[PDB]
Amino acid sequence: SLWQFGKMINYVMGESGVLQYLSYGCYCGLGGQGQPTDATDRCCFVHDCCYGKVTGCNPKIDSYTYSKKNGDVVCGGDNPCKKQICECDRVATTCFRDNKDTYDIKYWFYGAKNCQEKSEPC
């Protein structure tokens, strides 16, 4: 669920991470539009497309199984649809970490009005 995605982000990126990442660029959140602004936003674009591949279960709402030990995230569980959701979230979080050095606060709470161009499709 997105609740869990936030908890994951906070664990991997730190306490400021939910607010830092879940309005950023054109795609960090869900249901973004336009062109990804940078690599972090591309993490979010892929995450949104990842959720779009989850057909069995609701990636926004449904609760998955995951571990948080020594600073990282491993997905688990024996419901493969929920694990698929978890992996979308985990991947995104690792992508955020990998791209932290190009995080630009210009894109923090950027706003849909700055993304009104043609959307890149999944």
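Sequential numbering from 1, following the sequence displayed.
Per-stretch averaging of Cα B factors for 62-70 and 93-101 places 62-70 on top. Mean C-alpha B-factor is higher over 48-56 than over the other stretch, the pair under comparison being 83-91 and 48-56. In this PDB entry, the Cα temperature factor of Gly14 sits in the middle third of its chain's modelled residues. Among all modelled residues in its chain, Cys122 ranks in the highest third by Cα B-factor. Per the PDB record, residue ranking by Cα B-factor puts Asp38 in the middle third of the chain.
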